[PDB]
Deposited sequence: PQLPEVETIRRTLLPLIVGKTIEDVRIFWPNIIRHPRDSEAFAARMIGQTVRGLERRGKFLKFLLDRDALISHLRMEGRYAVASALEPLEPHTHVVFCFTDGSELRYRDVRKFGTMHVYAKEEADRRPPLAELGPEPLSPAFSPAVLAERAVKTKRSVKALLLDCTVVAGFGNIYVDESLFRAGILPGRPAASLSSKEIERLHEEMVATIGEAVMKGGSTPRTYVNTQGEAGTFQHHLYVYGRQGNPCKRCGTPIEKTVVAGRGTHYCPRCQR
């Protein structure tokens, strides 16, 4: 799921778990557990705590308990569901939080790429994976000035810059390609080569693209198909080690 989907999850999941008390934590793929390193310590500390809130930072979910916060990233295919302890688990269920009311919060992930970290609430923001996380793309903290500052000081491509979680929080590949198309900028352009005009335009399109989503595609996954603005075939290459889609006419 991308940032807008994660926000939807935050909003919809909260009422399904708020006020419930953890009675057990069951782990079927311990590699998902990143802190404490020991999955047994992760499980033990959460028992007895009540879910008090659910926040999002970038594509991370932050479950707020009594003493601890659980920081969860779903990566490509992670998913949460709340269901009865009486029913069989769905395939690829790797972590289950069992509540005292006989319900469960289940984490599924066919790819097993997702991660979980638990720390005392007051430590969460200063430890991985939230430490160093850049500003929310929809916040005043993410501004053209901030983007400009990062762009001038690097030798990387503009696409590489936008994918950097320290630059802006949770801006995914799809939205990078879409934003760059809408801003008229080739993804392989060195970030430092962007004019102040291009930086402003790019920031504008970034906010608009992800903002719209939180509330069709021009290039992403459309390689070989005509551009919706000019009819030129969309092309796909590799930039910043990722599948990259662009129109060679609209983008410069």
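Not built in the structure, per the record, is the single deposited stretch 216-236.
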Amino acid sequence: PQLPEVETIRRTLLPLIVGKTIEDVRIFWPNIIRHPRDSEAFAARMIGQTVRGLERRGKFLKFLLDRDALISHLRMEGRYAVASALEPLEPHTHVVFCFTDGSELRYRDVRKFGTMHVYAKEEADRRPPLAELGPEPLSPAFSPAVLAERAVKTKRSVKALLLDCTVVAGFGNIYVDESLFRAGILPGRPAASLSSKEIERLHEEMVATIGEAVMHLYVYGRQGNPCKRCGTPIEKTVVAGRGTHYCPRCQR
From here on, numbers count along this sequence of modelled residues.
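Stretches compared: 36-44, 216-224. Higher mean C-alpha B-factor in the entry: 216-224. The mean C-alpha temperature factor is higher for 156-164 when 107-115 and 156-164 are set side by side. Per the deposited record, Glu149 carries the highest C-alpha B-factor of all listed residues (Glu90, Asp177, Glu149, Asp101). In the PDB entry, the Cα temperature factor peaks, among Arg57, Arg26, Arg52, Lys197, at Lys197. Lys20 sits in the lowest third of its chain by CA B factor, as recorded in the PDB entry.
Among all modelled residues in its chain, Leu64 ranks in the lowest third by Cα B-factor. Compared with the other modelled residues of the chain, the Cα B-factor recorded for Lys121 ranks in the middle third. In the PDB entry, a CA B factor belonging to the highest third of its chain's modelled residues is recorded for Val239. Residue-level temperature factors show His73 in the lowest third of its chain, judged at the C-alpha atom.
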